[PDB]
Amino acid sequence: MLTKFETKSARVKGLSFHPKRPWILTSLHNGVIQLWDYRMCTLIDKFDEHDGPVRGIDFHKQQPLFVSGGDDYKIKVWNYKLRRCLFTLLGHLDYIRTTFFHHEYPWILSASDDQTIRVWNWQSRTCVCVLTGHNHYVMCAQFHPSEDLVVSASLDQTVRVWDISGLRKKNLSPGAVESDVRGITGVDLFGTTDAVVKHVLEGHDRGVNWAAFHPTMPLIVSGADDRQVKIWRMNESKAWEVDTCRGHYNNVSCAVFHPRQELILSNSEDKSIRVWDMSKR
Amino acid sequence: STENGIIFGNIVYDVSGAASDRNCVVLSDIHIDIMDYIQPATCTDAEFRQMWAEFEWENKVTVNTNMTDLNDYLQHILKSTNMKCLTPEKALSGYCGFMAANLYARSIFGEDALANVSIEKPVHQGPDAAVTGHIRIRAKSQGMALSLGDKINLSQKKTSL
């Protein structure tokens, strides 16, 4: 109905909308992190996290705080509200894409764009988890259905899905029948970002811009570094699923699922946003 | 004191959710208007005219329409804004008049605002139960100035806010 406010500027790699607020917190690769609590058409703060670019934005999970990543390689959580830094560690050799907050003993998970992501105890000091299975440059890192199960999208042309543990990664199982992750007609490839057969999914599509998950589900909706943004369901795994998402002119940087909407929104580069179904598609 | 230039106020304000509270009210104000602020203020007419013309021309709003004669109506408006009409000529605000009324006021943070409004005026089958008089508003910024013309426009009549 109305586009309340609109100025075109910002060169934007990472993004998030406030699930609680009508904020948008926006990550530019201008090196900028911004929180604007978008409501009153006003920015609360604006820090260009470092000289270098900024790729990442993720939620802490609480109410109004950012966990942020730059080419600093640092995980910062700073509360806009409390304008202060919660606990601090820098980052490996690339930026931080996703974060989750937990609390047996007020306990923490950090998801990263490089190498490993490490999950840390500052209370009764022990190890909840270690994640290796990333390399460099994560476009879109994701919590899964199980929130603390996860997927990652890479500029290392892989995807990682990991299994975690309370004493590092492992799963025990023995009942299933076939798999959709990989087990009948169609299915898409493994990539390499880690080295355990959970599934490293192939992020080659000239590299993957975005990865997006299906909560209980393993369908992914993707942005890809190909015109082809190729959709695959690992809750099916169709053939002509070797779908290349097509503009008219080039690209499909991203195409995304809206939690509520059984739809795909695509956006591209001929000057465009392209409109897609996904209810009958 | 405290300059904040967020005009007409309407500036976001916070009551916070910070303790037995998960939310609260963040509010921007509205309800902050002019008609009140300015006080009446005065001038020599020749100089005035000269000045009238001279001033920040840039705003005007029209008077036309009401519920009253500009006797009672004018008085009401005057009191409402707390502002001045500088001088009469007896020509007659009665039989018609076919009077243009010059008004001046000075405020609390000191802007002087000038008006010439020229107005028809009530009287049987003669003229005035509208106006179609033009209210010429001069205040330095047009933005407040016109806004003032409005504000007065709000002021002008009496109806469901």
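FYI, residue positions are counted from 1 along the chain as it appears here.
Note that Cβ sites are derived from N, Cα and C of the backbone, with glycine treated the same way.
For reference, Swiss-Prot has these:
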{"type": "REPEAT", "residues": "A:7-37", "note": "repeat 'WD 1'"}
{"type": "REPEAT", "residues": "A:49-79", "note": "repeat 'WD 2'"}
{"type": "REPEAT", "residues": "A:91-121", "note": "repeat 'WD 3'"}
{"type": "REPEAT", "residues": "A:133-163", "note": "repeat 'WD 4'"}
{"type": "MOD_RES", "residues": "A:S173", "note": "phosphoserine"}
{"type": "MOD_RES", "residues": "A:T185", "note": "phosphothreonine"}
{"type": "REPEAT", "residues": "A:203-233", "note": "repeat 'WD 5'"}
{"type": "REPEAT", "residues": "A:247-277", "note": "repeat 'WD 6'"}
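Simply put, out of A:49-79, A:91-121, A:133-163, A:203-233, A:203-233 has the most Cβ pairs sitting under 8 Å from the repeat 'WD 6' (A:247-277).
Same-chain neighbours of the repeat 'WD 3' (A:91-121): 14, 54-56, 58-62, 67-75, 77, 127-143, 147-148, 150, 152, 164, counting only residues six or more beyond its ends whose CB sits under 8 Å from a CB of the stretch. Note: the Cα of the residue listed as 'phosphoserine' and the Cα of A:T185 (phosphothreonine) are spaced 24 Å from each other. Burial estimate for the modified residues (A:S173, A:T185): highest at A:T185, by number of other CB atoms within 10 Å.
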